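Only one structure is covered here, and it is reproduced in the block below.
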Amino acid sequence: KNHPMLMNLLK
Amino acid sequence: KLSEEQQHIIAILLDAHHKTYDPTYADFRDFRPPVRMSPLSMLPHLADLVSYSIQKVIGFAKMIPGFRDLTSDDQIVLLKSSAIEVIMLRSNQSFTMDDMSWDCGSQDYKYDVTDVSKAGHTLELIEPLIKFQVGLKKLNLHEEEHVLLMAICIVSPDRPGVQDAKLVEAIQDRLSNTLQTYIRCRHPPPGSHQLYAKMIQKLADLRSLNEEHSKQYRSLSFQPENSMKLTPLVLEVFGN
Ligand SMILES: CCC(O)(CC)COc1ccc([Si@](C)(c2ccccc2)c2ccc(OC[C@@H](O)CCC(=O)O)c(C)c2)cc1C
């Protein structure tokens with residue numbers, strides 16, 4: 001339920 | 001009546017779209033290749049197309065005035081719930097009523113109902129999707145209205161799991177008022193008749209499309225051999 005790729009693309 | 005703040009918003013959103021939508025479609029050659037002739041032969045290509053689009057939607061969202069004042073968790077909730085809808089909206093730019101297809105500059109990259117069928121989807125989704133694309137195309141939106149509608153879609157305060165729904169609503173209201181005022185000042189009649197209500201109906205249509213796509217996506221991605229063909233970003237955003 002972690003979103004490392006989304007989180008990374010959000011800066 | 002378009003305030004300087006409202007002109008600023010429109011300028012930012014226009015620039016954001018121009019920086020995240022490439023109407024030459026040059027990047028499509030990086031995707032796994034389309035295969036058109038039981039098997040879900042278009043699933044590799046359309047998974048790459050969708051994954052690419054998700055990246056573009058995130059890039060657009062980050063530029064919406066106020067979006068980055070939200071918490072990371074709320075930014076994630078809004079993008080996870082809206083990406084599918086903004087993909088349907090932004091794809092309307094390549095959609096043509098000439099033959100009810102999405103024409104991305106090339107016969108390789110021109111898609112119709114048969115292609116998405118060959119990614120596993122059914123008419124339960126495709127029939128309303130086409131009706132939506134036709135109804136949206138018939139609105140003949142100004143680019144200004146198109147980019148406002150994408151931004152209003154993303155910053156929706158009723159998405160499940162929002163924490164600061166009142167800040168989300170505050171940001172969306174600034175965009176909604178910008179759009180309502182834009183239509184009054186810059187969209188001549190008769191094209192403007194009931195235009196804002198018709199655009200909000202498209203957001204309602206998208207919720208129903210979201211629901212049916214999610215249902216089919218869960219069924220398709222439950223099969224491991226299908227999930228294998230997805231991308232890591234699609235699995236994170238649409239679900240695993
Ligand atoms: C498990 C399969 C799945 O659920 C998930 C992987 C499948 O999911 C799908 C499949 C198809 C689609 Si479509 C509405 C479609 C409809 C009918 C036929 C083919 C495709 C589409 C999307 C983008 C696009 O174009 C991107 C350009 O808009 C990007 C421009 C830029 O940003 O530079 C075009 C033109 C069409 C949407 C989704 C969510």
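Each chain of the structure tokens is named A, B, ... in the order shown, its residues numbered from 1; ligands are numbered from 1 in display order.
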Any idea which chain B residues end up within 8 Å of chain A if we count only C-alpha atoms, as an NGL selection string please? :B and (55 or 58-59 or 62 or 72 or 76 or 233 or 236-237)
Residue contacts of residue 19 in chain B (10 Å, only C-alpha atoms) excluding same-chain residues fewer than 5 positions away, as a PyMOL selection string: chain B and resi 13-14+56+59-60+63
Compare B:188, B:135, B:39, B:23 by their minimum atom-to-atom distance to ligand 1, counting only C-alpha atoms and all ligand atoms, and give me the closest one.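 Under the stated criterion, the closest residue is B:23.
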Got a sec to check which residues lie within 8 Å of ligand 1, using only C-alpha atoms and all ligand atoms, and send them as a ChimeraX atom specification? /B:20-25,27,43,46-53,56-57,84,87-88,90-95,101-104,109-117,119-121,126,129,213-214,216-217,220-221,226-227,230,234,238
Quick one: pick out all alpha helix (DSSP H) residues within range 8-240 of chain B from a backbone DSSP run and write them as a PyMOL selection string. chain B and resi 8-20+43-62+72-90+113-117+123-138+143-154+165-186+195-222+224-227+232-238
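Take CA of residue 124 in chain B and CA of residue 212 in chain B: the distance between them is 7.4 Å.
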Atom-to-atom span, CA of residue 74 in chain B and CA of residue 159 in chain B, Å: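 We find that CA of residue 74 in chain B and CA of residue 159 in chain B lie 9.8 Å from each other.
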Identify, on the basis of only C-alpha atoms, every residue whose closest approach to range 195-209 of chain B does not exceed 10 Å; exclude the query and any residue fewer than 4 positions from it along the same chain; express the result as an MDAnalysis selection string. chainID B and resid 81:82 84:86 88:89 124:126 128:129 131:133 135:136 139 141 145:146 149:150 152:153 176 179:184 187 189:191 213:215
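In this structure, CA of residue 194 in chain B sits 17.4 Å away from CA of residue 134 in chain B.
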